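As a convention, Cβ positions derive from the backbone with ideal geometry for all residues, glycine included, and neighbour counts pool all protein chains shown. Readers should treat all values here as calculations from the given coordinates under stated rules, not as data from a laboratory.
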Ligand SMILES: O=C(c1ccc(OCCN2CCCCC2)cc1)c1c(-c2ccc(O)cc2)sc2cc(O)ccc12
Ligand SMILES: O=C(c1ccc(OCCN2CCCCC2)cc1)c1c(-c2ccc(O)cc2)sc2cc(O)ccc12
């Protein structure tokens, strides 16, 4: 039961749940149309692993299927983006979409309207580096995004669901504090770092919104995962 | 100067810096809201200049922070004055609107509902004025912060965190409760960013004369020394 986990058990559950790092193809490239096709193909494959990951975040499968879908509809691009930033952290000036799709700013220019968001993503990677963000902190933040982003936009059942999400979010706060304490930070340093980490989430939200507007401007048939697509992925037998 | 303030001195400074509540002057609905927002802007700049550490930034950087934060700041203010009015948004004391009135503006109701939900969250948490004033200052300093200038902003942000924790400690919260409440408050800021992004998209969709305050307007309001 999610609310019974110790901080150590929460960390271990989240690290265990992590999705794999996917590749692009692989063909002894480059890309004109082509770059967006590769990125779309990658994102579409990552979404499947994201659903698997979400179902392993403690407390998530306790929610109704409807609410699970809503949280993912709200969070999916933020989650792709924070994953991208983490993968890119050790690669100054580059975004590691995949190990074989490692792009710089000038390659971002090849997609109309992409550079400004590319720059925001690079700045977030820089911030992660400057904070020396740890993998255990990263998995906490990604779980927070999943549970928090859609909770403000959802009856008696809904009240029960929100209470549960808030309790699990509190457990994740406890877990972040535990990690910082185990690492030797003073109480003051712990609360300052907790705040610094959580403020990053506002920037991640900003980038997701700006990215979604950009995706929509491309006039493709499909931009967002539909309710029933998420449903089927989540609505397992 | 600013980084030597105690937590108590920080709180007093922020409370003292609070802008006034303006009245609406009286398609019409949006005309009224646009006029109100335009008038609130100067008062926001006056407030910003009183947030400890803000005026130590270059004017260029002060303007950038305002360009990034202005709508989030209007929104958090709206949410705060609407706390004690469940189901309604108190844009002005003479402009209290419910969601049915938000429906009269094409594309507004979705954001209206988000704002109401935020006000509802504030109510449930029993958000205090001293905490509100800290959160608003964090929006100002954090929203545009994407070397010496960034370091200064981060030191000020750390002082506001310390201040928030101090307020909680004095109120008798356990260490666990302090950390949990700090997190709860900061996560609401992600929702305020979201509402500002959606609101900006909405305002742009209206195809009015103008949406964002210009660099020159903000700089003029900041009233440079001479
Ligand atoms: O390029 C993409 C991207 C491309 C297509 C996407 O969606 C394709 C539509 N697809 C439909 C079915 C459901 C899943 C989405 C999503 C992201 C990525 C990003 C992006 C960056 C800047 C910007 O302006 C817009 C997006 S960030 C990102 C991280 C990834 O791991 C993968 C792709 C990406
Ligand atoms: O309606 C407005 C609003 C109207 C016009 C605005 O900008 C007018 C352009 N003006 C140009 C010169 C610089 C200042 C802005 C900003 C907010 C307000 C809001 C809003 C809500 C929902 C939504 O979908 C969009 C906006 S929130 C708000 C809070 C206020 O204190 C005042 C107006 C408002």
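Would you mind pulling out the separation of the Cα centroids of the stretch A:111-136 and the stretch A:195-226, in Å?
Centre-to-centre distance over Cα atoms comes out at 13 Å.
For the protein assembly as shown, just say rounded, prolate or oblate: build the C-alpha gyration tensor, square-root its eigenvalues into a ≥ b ≥ c, call rounded for a/c under 1.5, and beyond that prolate if a/b exceeds b/c, oblate if not.
Taking the square roots of the gyration eigenvalues as a ≥ b ≥ c, the protein assembly as shown is rounded.
Taking each residue of B:191-202 in turn, how many C-beta atoms of other protein chains fall within 10 Å of its C-beta, and what is the average?
Mean shielding by partner chains, rounded to a whole number: 4.
Can you sort B:120, A:4 so the residue with the fewest Cβ neighbours within 10 Å comes first?
Result, fewest neighbours first: A:4, B:120.
Mind giving me the nanometre distance, one decimal, between the label points for residue A:183 and residue B:200, set 7 Å out from Cα along Cα→Cβ?
3.0 nm
Divide by every residue of chain B the summed helix terms, -39500 (n - 2.57) for each DSSP H run of at least 4, and state the resulting mean residue ellipticity at 222 nm, rounded to the nearest 500 deg cm²/dmol.
-22500 deg cm²/dmol
Could you give the distance between the Cα centres of the stretch A:69-105 and the stretch A:1-53, to the whole Å?
9 Å
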